[PDB]
Structures are given as C-alpha cells and as structure tokens.
Amino acid sequence: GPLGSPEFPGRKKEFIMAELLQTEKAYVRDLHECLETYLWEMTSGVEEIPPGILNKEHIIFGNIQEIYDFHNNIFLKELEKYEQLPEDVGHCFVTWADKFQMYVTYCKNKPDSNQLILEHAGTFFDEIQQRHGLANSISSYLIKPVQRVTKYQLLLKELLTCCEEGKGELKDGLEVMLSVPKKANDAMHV
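Residues numbered from 1 in each chain as written, not as in the entry; some residues may be left out. Heavy atoms only, no water.

- Method-wise, the PDB entry is recorded as coming from solution NMR.

This is the structure:
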C-alpha cells in the first residue's frame, strides 16, 4: 500500500538522475517565483512592510537572489548534459564545490530569518499569496534550500555506492556537501 519498504528508486532508465535533473528545474523555478513575489514586493515598497522586515529582505529570504541566476545559467544547464551519465555528476558537485560555501552563509541566516517571518513579518505574505496564486506559505520556500541539500546527499550517496563504474569525484562531492552545514555550526557567528 502507501508504504515504501519494497524499495522504490523512481520510474525510468535514469531513476534518480531524473530526481536531480528535476530538482534543478524545481529549484531554479521555485527561486524564480520567490524573487518575483515576496522579494519583489518588499524591495518595490508598494505594500506596508512592518518596521522589522522592510530592510530585512536579506534576512527573510537570505541571499536567494544569487541562487536563481547562478543555477538557471549554470547548474541546471550543466546538469542536463549528464542526463546520459549520472557517473559524471560527482564531478559537478565538486566543479562548484567552493561555490557551495554560499550554502554555509545561507544556513547561518536561516533561524534569524525564521524569527523575523514569525514575530515581525506577520500575515503580509498571505495577501500576496492570493494575488499571484502562490498556494504555499512563505516559510516553505525559504526553508526548501535545506530540504534540497538533503536531497543532494540522498541521490549522491546512491550514486557513489551503486555506480558499478564510479570513475571518481563522488566521495569528494559528498565531503563538500557535508562540510557546508557542518561549517555553519562551527562558524556559528552570523
């Protein structure tokens, strides 16, 4: 029934490579619709933004603006070239490993982001929601990055343990993924 114990690595030749190909497009699109909605209206000063979050756009959504642009013109269109080869995406987490330091910044601002959307952001995003047909709460999008970095660990652990031919780069692609949220805790100072 609605369980997942008989193991279910997705449906198609490229099972879980499709799970990564799809989360690019899901991630660059879900970043797109974020800048255009919640970030747009706070930077365009067209609604009354509570005195706590107005110049705290960079807290509410952190540095998400830099994520869209860089993925839609790089990570996505670099990944679709690996559609025929999930053996080469270990080379892709590493190709940009140092750029993953941006994820250590993102997470350090995450909790204080939370605080501001709870107490002093208020209900303001609920009205914008309905105007554009957002359907989903604000909190959902801004936390998604951390849901996404778990997914990277999910699929990458799959490849590096099951690739009959694991040419290389895979475990390094892993260690970079793991050192980021680890760093954020150690380097706690935001």
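## Quick notes on the overall build of the chain
Working step 1: Secondary structure assignment for the chain yields 9 helices and 0 strands.
Working step 2: The order of α-helices and β-strands along the chain, N terminus first, is α-α-α-α-α-α-α-α-α.
Working step 3: Seen along its three principal axes, the alpha-carbon backbone of the chain occupies a region of about 55 × 40 × 35 Å.
Working step 4: Long-range pairs, those at least 24 residues apart, make up 78% of the contacts in the chain between residues at least 6 apart in sequence.
Working step 5: The centroid of the 20 positive side-chain charges in the chain is displaced by 3 Å from the centroid of its 30 negative side-chain charges. (Helix = DSSP H or I, 4+ residues; strand = E, 2+ residues; numbered from the N terminus. Contact = heavy atoms within 4.5 Å. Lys, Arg positive; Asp, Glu negative; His and termini not counted. Charge placed at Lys NZ, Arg CZ, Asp CG, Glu CD.)

## Notes on the environment of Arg-131
Working step 1: Secondary-structure assignment places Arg-131 in helix α7 (residues 124–132).
Working step 2: Sequence-wise, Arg-131 and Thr-37 are 94 residues apart; in three dimensions their C-alpha atoms are separated by 9.7 Å.
Working step 3: Ignoring any residue separated from it by four or fewer positions in sequence, one finds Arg-131 in contact with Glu-41 and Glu-47.

## Some remarks on the packing of aromatic side chains
Working step 1: Taken as a whole and assessed by the stated rule, the structure comprises 10 aromatic pairs.
Working step 2: Their ring planes at 55 degrees and their centres at 6.0 Å tell us that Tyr-38 and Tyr-141 sit as a pair that is tilted. Here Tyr-38 is found in helix α1 (residues 17–43), whereas its partner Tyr-141 is found in helix α8 (residues 138–162), with 103 residues between them in sequence. As far as the burial class goes, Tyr-38 and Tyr-141 line up, both buried. (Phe/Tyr/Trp six-rings, centres within 6.5 Å; stacked < 30°, edge-to-face > 60°. Buried < 20%, exposed > 50% of the residue type's maximum accessible area, 1.4 Å probe, protein only.)

## Remarks on the state of the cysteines
Working step 1: This structure, assessed with the given rule, holds 0 disulfides.
Working step 2: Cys-163 takes part in no disulfide bond, and the closest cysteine sulfur, belonging to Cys-162, lies 7.4 Å away. (Disulfide = S-S within 2.5 Å.)

## Some details on the side chain of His-71
Working step 1: Assignment of secondary structure puts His-71 in helix α3 (residues 65–79).
Working step 2: Judged by relative accessible area, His-71 falls into the buried class, the value being 8%.
Working step 3: With sequence-adjacent residues up to four places away left out, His-71 is seen in contact with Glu-24, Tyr-27, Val-28, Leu-76, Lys-77, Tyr-103 and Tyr-152.

## Considering the packing of α1 against α8
Working step 1: Running from amino to carboxyl end, α1 crosses α8 at an angle of 160 degrees, the nearest separation of the two axes being 11 Å. Judged on the interaxial angle alone, α8 and α1 are roughly antiparallel. Of the two elements, α1 crosses α8, and the hand of that crossing is left-handed. Residue-level contacts link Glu-19, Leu-20, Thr-23, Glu-24, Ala-26, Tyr-27, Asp-30 and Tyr-38 of α1 to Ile-138, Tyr-141, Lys-144, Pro-145, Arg-148, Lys-151, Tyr-152 and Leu-155 of α8.
Working step 2: The residue inventory of the contact of α1 with α8, partitioned by class, reads 9 nonpolar, 1 polar and 6 charged. (Axes fitted to C-alpha atoms, helices over the stretch in contact; angles between N-to-C directions. Parallel < 35°, antiparallel > 145°, perpendicular 65-115°, else oblique. Left-handed = near helix turned anticlockwise from the far one by under 90°. Nonpolar A, V, L, I, M, F, W, Y, C, P; charged D, E, K, R; others polar.)

## Observations concerning the nonpolar core
Working step 1: If you look at the biggest cluster of nonpolar residues, it comprises 48 residues, and the most contacted ones within it are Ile-60, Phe-61, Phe-93, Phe-100 and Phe-125.
Working step 2: Ranked by residue count, the leading element in this core is α1, at 9 residues.
Working step 3: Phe-125 has contacts with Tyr-38, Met-42, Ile-53, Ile-60, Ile-117 and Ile-138, leaving out every residue within four places of it along the chain. (Core = buried A, V, L, I, M, F, W, Y, C linked by side-chain atoms within 4.5 Å.)

## Examining the environment of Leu-142
Working step 1: Within the secondary structure, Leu-142 is located in helix α8.
Working step 2: Ignoring sequence-local partners within four residues, the contact set of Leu-142 consists of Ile-60, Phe-61, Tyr-106, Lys-110, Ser-113 and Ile-117.

## Here's the deal with the pattern of salt bridges
Side chains that carry opposite charge are capable of pairing whenever their charged atoms lie near each other.
Working step 1: Under the defined criterion, the tally for this structure stands at 10 salt bridges.
Working step 2: Residues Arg-148 and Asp-30 are paired through a salt bridge, measuring 3.8 Å at the closest nitrogen-oxygen approach. A residue pair is termed long-range when its members are at least 10 positions apart, and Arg-148 in helix α8 and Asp-30 in helix α1 qualify at 118 residues. Each member of the pair, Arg-148 as well as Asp-30, is classed as buried.
Working step 3: Its salt-bridge partner being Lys-167, residue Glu-87 comes within 2.6 Å of it at the nearest N-O pair. Taken as a pair, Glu-87 in the loop between α3 and α4 (90–95) and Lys-167 in the loop between α8 and α9 (170–186) lie far apart in primary sequence, 80 residues in all.
Working step 4: The structure contains a network of salt bridges with shared partners spanning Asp-30, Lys-144 and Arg-148. (Salt bridge = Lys/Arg side-chain N within 4 Å of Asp/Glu carboxyl O.)

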